[PDB]
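Structure record follows, encoded as structure tokens.
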Amino acid sequence: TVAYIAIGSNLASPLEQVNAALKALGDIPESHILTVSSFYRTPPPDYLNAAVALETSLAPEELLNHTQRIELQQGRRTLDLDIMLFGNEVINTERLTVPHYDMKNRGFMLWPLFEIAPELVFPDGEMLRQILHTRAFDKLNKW
Ligand SMILES: Nc1ncnc2c1ncn2[C@@H]1O[C@H](COP(=O)(O)CP(=O)(O)OP(=O)(O)O)[C@@H](O)[C@H]1O
Ligand SMILES: Nc1nc2c(c(=O)[nH]1)N=C(CO)CN2
Ligand SMILES: [Cl-]
Ligand SMILES: [Mg+2]
Ligand SMILES: [Mg+2]
């Protein structure tokens, strides 16, 4: 299944933390990275934001366990690995809200996602390209 994960880091020099985190995501079992977006500089010092496409055979909460582990291990206020989408699934549990409960209100999540999945359709049928048009979120600057 293709999971889309958002990465956020607000360290002054976040590149090594993000690269450590990306490598770790690629080491998750029954999973592999498909594509990584560019790194974007976004106002809060700045955040570095990126999106990752991860193919995985894991269950959603199993993926969550891994992302939470990486946050603690690669964490140093903190590093953030948010599950934006999991296939076309709707998840509403105590641990997991998928799609991410606010991503549609955040240019810093949608723009890096649009770079790597421009044709994305949300589970409720909304179109990523349309949200970006209607909300008129300024394109982000690259890190
Ligand atoms: N889609 C999702 N991705 C990651 N964590 C999620 C999630 N949906 C719910 N959570 C829950 O969110 C909890 C708290 O996560 P935090 O990372 O501290 C919130 P945040 O990412 O700082 O703010 P945000 O959710 O407004 O982006 C986790 O313990 C996890 O169970
Ligand atoms: N610019 C920017 N702002 C944020 C971000 C983020 O990734 N980028 N993440 C947040 C909570 O998870 C709160 N605010
Ligand atoms: Cl949705
Ligand atoms: Mg977050
Ligand atoms: Mg989070």
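Each chain in the structure tokens gets a letter, A, B, ..., in the order shown, and its residues are numbered from 1; ligands are numbered from 1 in order too.
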
Neighbours of ligand 1 at 6 Å or closer, counting only C-alpha atoms and all ligand atoms: which residues, as number ranges by chain? A: 80, 82-84, 95-98, 100

Write out as JSON lines a residue-level contact list of chain A versus ligand 2 with cut-off 10 Å: for each qualifying residue the closest pair of atoms and the distance in Å to one decimal, counting only C-alpha atoms and all ligand atoms, rows sorted by chain and residue number upward.
```
{"residue": "A:6", "atom": "CA", "partner": "ligand 2", "partner_atom_place_in_ligand_line": "7 (O)", "distance": 7.7}
{"residue": "A:7", "atom": "CA", "partner": "ligand 2", "partner_atom_place_in_ligand_line": "7 (O)", "distance": 6.7}
{"residue": "A:8", "atom": "CA", "partner": "ligand 2", "partner_atom_place_in_ligand_line": "7 (O)", "distance": 4.0}
{"residue": "A:9", "atom": "CA", "partner": "ligand 2", "partner_atom_place_in_ligand_line": "7 (O)", "distance": 6.5}
{"residue": "A:10", "atom": "CA", "partner": "ligand 2", "partner_atom_place_in_ligand_line": "8 (N)", "distance": 7.6}
{"residue": "A:40", "atom": "CA", "partner": "ligand 2", "partner_atom_place_in_ligand_line": "1 (N)", "distance": 9.4}
{"residue": "A:41", "atom": "CA", "partner": "ligand 2", "partner_atom_place_in_ligand_line": "1 (N)", "distance": 7.7}
{"residue": "A:42", "atom": "CA", "partner": "ligand 2", "partner_atom_place_in_ligand_line": "1 (N)", "distance": 4.6}
{"residue": "A:43", "atom": "CA", "partner": "ligand 2", "partner_atom_place_in_ligand_line": "1 (N)", "distance": 4.7}
{"residue": "A:44", "atom": "CA", "partner": "ligand 2", "partner_atom_place_in_ligand_line": "1 (N)", "distance": 4.1}
{"residue": "A:45", "atom": "CA", "partner": "ligand 2", "partner_atom_place_in_ligand_line": "1 (N)", "distance": 9.0}
{"residue": "A:46", "atom": "CA", "partner": "ligand 2", "partner_atom_place_in_ligand_line": "1 (N)", "distance": 6.5}
{"residue": "A:47", "atom": "CA", "partner": "ligand 2", "partner_atom_place_in_ligand_line": "1 (N)", "distance": 4.9}
{"residue": "A:48", "atom": "CA", "partner": "ligand 2", "partner_atom_place_in_ligand_line": "8 (N)", "distance": 6.8}
{"residue": "A:49", "atom": "CA", "partner": "ligand 2", "partner_atom_place_in_ligand_line": "7 (O)", "distance": 5.6}
{"residue": "A:50", "atom": "CA", "partner": "ligand 2", "partner_atom_place_in_ligand_line": "7 (O)", "distance": 8.5}
{"residue": "A:77", "atom": "CA", "partner": "ligand 2", "partner_atom_place_in_ligand_line": "11 (C)", "distance": 9.5}
{"residue": "A:78", "atom": "CA", "partner": "ligand 2", "partner_atom_place_in_ligand_line": "12 (O)", "distance": 8.7}
{"residue": "A:79", "atom": "CA", "partner": "ligand 2", "partner_atom_place_in_ligand_line": "12 (O)", "distance": 8.4}
{"residue": "A:80", "atom": "CA", "partner": "ligand 2", "partner_atom_place_in_ligand_line": "12 (O)", "distance": 5.9}
{"residue": "A:81", "atom": "CA", "partner": "ligand 2", "partner_atom_place_in_ligand_line": "12 (O)", "distance": 8.0}
{"residue": "A:82", "atom": "CA", "partner": "ligand 2", "partner_atom_place_in_ligand_line": "12 (O)", "distance": 7.4}
{"residue": "A:102", "atom": "CA", "partner": "ligand 2", "partner_atom_place_in_ligand_line": "11 (C)", "distance": 9.8}
{"residue": "A:103", "atom": "CA", "partner": "ligand 2", "partner_atom_place_in_ligand_line": "9 (N)", "distance": 10.0}
{"residue": "A:106", "atom": "CA", "partner": "ligand 2", "partner_atom_place_in_ligand_line": "2 (C)", "distance": 8.4}
{"residue": "A:107", "atom": "CA", "partner": "ligand 2", "partner_atom_place_in_ligand_line": "1 (N)", "distance": 8.8}
{"residue": "A:108", "atom": "CA", "partner": "ligand 2", "partner_atom_place_in_ligand_line": "8 (N)", "distance": 6.0}
{"residue": "A:109", "atom": "CA", "partner": "ligand 2", "partner_atom_place_in_ligand_line": "7 (O)", "distance": 7.3}
```

Can you write out the residues you just picked, keeping C-alpha atoms, as a CSV table (one decimal), in the first residue's frame?
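Saved the output as selection_15.csv:
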```
chain,number,residue,atom,x,y,z
A,6,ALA,CA,5.1,14.2,6.1
A,7,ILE,CA,8.4,15.2,7.6
A,8,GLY,CA,8.8,18.3,9.7
A,9,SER,CA,11.9,19.6,11.4
A,10,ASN,CA,12.5,22.9,13.0
A,40,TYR,CA,10.9,23.2,1.5
A,41,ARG,CA,11.6,26.1,3.9
A,42,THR,CA,8.5,27.1,5.6
A,43,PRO,CA,7.6,29.8,8.3
A,44,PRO,CA,6.6,28.5,11.7
A,45,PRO,CA,12.8,29.6,12.9
A,46,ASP,CA,11.9,27.9,9.7
A,47,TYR,CA,10.6,24.4,9.3
A,48,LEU,CA,12.0,22.0,6.8
A,49,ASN,CA,9.1,20.1,5.3
A,50,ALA,CA,9.1,17.1,2.9
A,77,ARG,CA,9.9,21.2,20.4
A,78,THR,CA,10.6,18.1,18.2
A,79,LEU,CA,11.0,16.2,14.9
A,80,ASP,CA,7.6,15.2,13.3
A,81,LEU,CA,6.6,12.2,11.2
A,82,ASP,CA,2.9,12.4,10.3
A,102,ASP,CA,-5.6,19.3,9.2
A,103,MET,CA,-3.4,18.6,6.1
A,106,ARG,CA,-1.7,23.4,5.4
A,107,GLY,CA,0.2,24.5,2.3
A,108,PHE,CA,3.4,23.1,3.9
A,109,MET,CA,1.8,19.6,3.8
```

At a cut-off of 9 Å and counting only C-alpha atoms and all ligand atoms, what residues surround ligand 3? Please answer as a list in words. residues 85, 88, 89, 90, 98, 99, 100, 101, 104, 121, 122, 123, 124, 125 and 126 of chain A

Residue nearest residue 62 in chain A - candidates A:141, A:19, A:31, A:105, atoms counted: only C-alpha atoms: A:31

Enumerate as an MDAnalysis selection string all residues of chain A assigned to strand (DSSP E) by DSSP on the backbone, naming them with the chain letters and numbers the document uses. chainID A and resid 2:9 31:36 40:42 47:56 80:86 91:92 97:98 141:142

Quick one: write out the picked residues with N, CA, C and O atoms as a short mmCIF file (atom, residue, chain, number, x, y, z; two decimals), in the first residue's frame?
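Output file again-v3.cif is given in full below:
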```cif
data_model
loop_
_atom_site.label_atom_id
_atom_site.label_comp_id
_atom_site.auth_asym_id
_atom_site.auth_seq_id
_atom_site.Cartn_x
_atom_site.Cartn_y
_atom_site.Cartn_z
N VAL A 2 0.42 2.32 -0.63
CA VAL A 2 1.27 3.51 -0.59
C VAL A 2 0.80 4.46 0.52
O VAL A 2 -0.33 4.96 0.52
N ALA A 3 1.68 4.66 1.48
CA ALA A 3 1.53 5.61 2.57
C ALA A 3 2.31 6.87 2.26
O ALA A 3 3.42 6.82 1.74
N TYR A 4 1.68 8.01 2.56
CA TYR A 4 2.35 9.28 2.37
C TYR A 4 2.68 9.84 3.74
O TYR A 4 1.73 10.06 4.52
N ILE A 5 3.95 10.07 4.01
CA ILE A 5 4.36 10.60 5.30
C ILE A 5 4.94 12.00 5.15
O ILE A 5 5.75 12.27 4.27
N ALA A 6 4.50 12.88 6.04
CA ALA A 6 5.06 14.22 6.11
C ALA A 6 6.20 14.27 7.13
O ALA A 6 6.04 13.75 8.24
N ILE A 7 7.28 14.91 6.74
CA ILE A 7 8.39 15.16 7.64
C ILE A 7 8.48 16.64 7.94
O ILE A 7 8.44 17.42 7.01
N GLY A 8 8.64 16.96 9.21
CA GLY A 8 8.80 18.32 9.69
C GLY A 8 9.94 18.37 10.71
O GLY A 8 9.96 17.58 11.65
N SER A 9 10.86 19.30 10.49
CA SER A 9 11.95 19.56 11.41
C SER A 9 12.22 21.07 11.48
O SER A 9 12.31 21.75 10.48
N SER A 31 8.72 -2.71 3.81
CA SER A 31 8.49 -1.36 3.29
C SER A 31 9.68 -0.88 2.48
O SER A 31 10.78 -1.37 2.67
N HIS A 32 9.42 0.11 1.62
CA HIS A 32 10.53 0.79 0.96
C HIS A 32 10.03 2.15 0.49
O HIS A 32 8.85 2.37 0.22
N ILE A 33 10.97 3.07 0.39
CA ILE A 33 10.63 4.39 -0.13
C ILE A 33 10.53 4.36 -1.67
O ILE A 33 11.39 3.75 -2.34
N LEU A 34 9.47 5.00 -2.13
CA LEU A 34 9.17 5.14 -3.54
C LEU A 34 9.73 6.44 -4.08
O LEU A 34 10.40 6.44 -5.09
N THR A 35 9.45 7.52 -3.36
CA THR A 35 9.90 8.83 -3.82
C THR A 35 9.88 9.77 -2.61
O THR A 35 9.11 9.55 -1.67
N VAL A 36 10.78 10.73 -2.67
CA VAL A 36 10.91 11.82 -1.73
C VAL A 36 10.78 13.17 -2.43
O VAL A 36 11.40 13.40 -3.47
N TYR A 40 11.52 21.83 1.55
CA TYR A 40 10.93 23.16 1.51
C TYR A 40 11.15 23.90 2.83
O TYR A 40 11.15 23.33 3.93
N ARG A 41 11.32 25.22 2.69
CA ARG A 41 11.57 26.08 3.85
C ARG A 41 10.25 26.75 4.18
O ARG A 41 9.73 27.51 3.36
N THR A 42 9.71 26.45 5.35
CA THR A 42 8.46 27.06 5.57
C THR A 42 8.41 27.82 6.91
O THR A 42 8.93 27.37 7.93
N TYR A 47 10.72 25.83 9.43
CA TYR A 47 10.62 24.40 9.32
C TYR A 47 11.13 23.98 7.93
O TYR A 47 10.96 24.69 6.92
N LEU A 48 11.73 22.81 7.93
CA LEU A 48 12.03 22.03 6.76
C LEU A 48 10.85 21.07 6.67
O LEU A 48 10.65 20.41 7.68
N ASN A 49 10.18 21.02 5.54
CA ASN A 49 9.11 20.08 5.29
C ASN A 49 9.37 19.31 3.99
O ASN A 49 9.89 19.84 3.02
N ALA A 50 8.97 18.03 4.03
CA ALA A 50 9.07 17.12 2.92
C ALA A 50 7.98 16.08 2.99
O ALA A 50 7.38 15.81 4.04
N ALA A 51 7.70 15.50 1.84
CA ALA A 51 6.78 14.39 1.79
C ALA A 51 7.50 13.16 1.25
O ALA A 51 8.37 13.27 0.39
N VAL A 52 7.13 12.02 1.76
CA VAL A 52 7.66 10.72 1.41
C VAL A 52 6.55 9.77 1.00
O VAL A 52 5.57 9.67 1.75
N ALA A 53 6.72 9.12 -0.15
CA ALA A 53 5.91 7.99 -0.57
C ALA A 53 6.63 6.71 -0.13
O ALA A 53 7.74 6.46 -0.55
N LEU A 54 5.95 5.93 0.71
CA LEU A 54 6.44 4.69 1.26
C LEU A 54 5.51 3.56 0.86
O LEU A 54 4.36 3.53 1.24
N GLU A 55 5.99 2.61 0.07
CA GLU A 55 5.27 1.38 -0.15
C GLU A 55 5.43 0.52 1.11
O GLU A 55 6.54 0.31 1.63
N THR A 56 4.32 -0.01 1.60
CA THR A 56 4.41 -0.86 2.80
C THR A 56 3.32 -1.92 2.82
O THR A 56 2.19 -1.79 2.34
N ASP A 80 9.00 15.68 13.54
CA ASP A 80 7.64 15.20 13.34
C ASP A 80 7.46 14.37 12.06
O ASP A 80 7.76 14.83 10.95
N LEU A 81 6.95 13.16 12.27
CA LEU A 81 6.60 12.22 11.19
C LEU A 81 5.10 11.92 11.28
O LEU A 81 4.65 11.15 12.15
N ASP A 82 4.36 12.56 10.41
CA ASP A 82 2.90 12.43 10.34
C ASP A 82 2.43 11.61 9.16
O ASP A 82 2.89 11.81 8.03
N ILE A 83 1.51 10.68 9.45
CA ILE A 83 0.96 9.87 8.37
C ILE A 83 -0.14 10.68 7.71
O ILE A 83 -1.20 10.96 8.26
N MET A 84 0.13 11.13 6.48
CA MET A 84 -0.89 11.95 5.82
C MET A 84 -1.98 11.09 5.21
O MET A 84 -3.18 11.37 5.41
N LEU A 85 -1.60 10.06 4.48
CA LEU A 85 -2.50 9.15 3.80
C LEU A 85 -1.99 7.72 3.93
O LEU A 85 -0.77 7.53 4.01
N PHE A 86 -2.91 6.77 4.01
CA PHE A 86 -2.58 5.36 3.95
C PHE A 86 -3.44 4.67 2.90
O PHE A 86 -4.59 4.37 3.17
N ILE A 91 -9.02 6.14 8.53
CA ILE A 91 -8.76 5.57 9.85
C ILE A 91 -9.19 6.60 10.87
O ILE A 91 -8.77 7.75 10.80
N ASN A 92 -10.00 6.17 11.81
CA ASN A 92 -10.48 6.95 12.93
C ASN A 92 -10.43 6.15 14.23
O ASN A 92 -11.46 5.70 14.73
N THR A 97 -5.63 9.14 13.13
CA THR A 97 -6.60 9.86 12.29
C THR A 97 -5.96 10.01 10.91
O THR A 97 -4.98 10.74 10.84
N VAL A 98 -6.52 9.29 9.94
CA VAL A 98 -6.00 9.26 8.57
C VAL A 98 -7.16 9.43 7.60
O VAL A 98 -8.13 8.67 7.68
N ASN A 141 9.03 27.92 -0.88
CA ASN A 141 10.41 28.02 -1.31
C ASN A 141 11.19 26.78 -0.90
O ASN A 141 10.96 26.21 0.16
N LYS A 142 12.11 26.38 -1.78
CA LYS A 142 12.93 25.22 -1.50
C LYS A 142 14.00 25.57 -0.46
O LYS A 142 14.52 26.67 -0.44
#
```

Counting only C-alpha atoms and all ligand atoms, the option among A:17, A:12, A:37, A:72 closest to ligand 5: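 Counting only C-alpha atoms and all ligand atoms, the residue closest to ligand 5 is A:72.
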
Which residue of A:71, A:22, A:14, A:27 approaches ligand 4 most closely, using only C-alpha atoms and all ligand atoms: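 For ligand 4, the nearest of the candidates is A:71.
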
In chain A, what's alpha helix (DSSP H) per DSSP? Answer as a ChimeraX atom specification? /A:15-26,60-74,107-116,128-135

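Considering only C-alpha atoms, the residue among A:87, A:29, A:60, A:75 positioned nearest to residue 120 in chain A is A:87.
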
My list of candidates is A:70, A:20, A:11, A:28. Which is closest to ligand 5 when distances are computed with only C-alpha atoms and all ligand atoms?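 Under the stated criterion, the closest residue is A:70.
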
Just the number, please: distance in Å from CA of residue 138 in chain A to atom 1 (Mg, counted along the ligand's line) of ligand 5, one decimal.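 According to the coordinates, CA of residue 138 in chain A and atom 1 (Mg, counted along the ligand's line) of ligand 5 are separated by 23.1 Å.
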
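A straight line drawn from CA of residue 64 in chain A to CA of residue 130 in chain A is 28.5 Å long.
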
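For the set A:73, A:67, A:1, A:93, the residue with the smallest atom-to-atom gap to ligand 4 is A:67, counting only C-alpha atoms and all ligand atoms.
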
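For the atom pair formed by CA of residue 113 in chain A and CA of residue 136 in chain A, the distance is 15.4 Å, given to one decimal.
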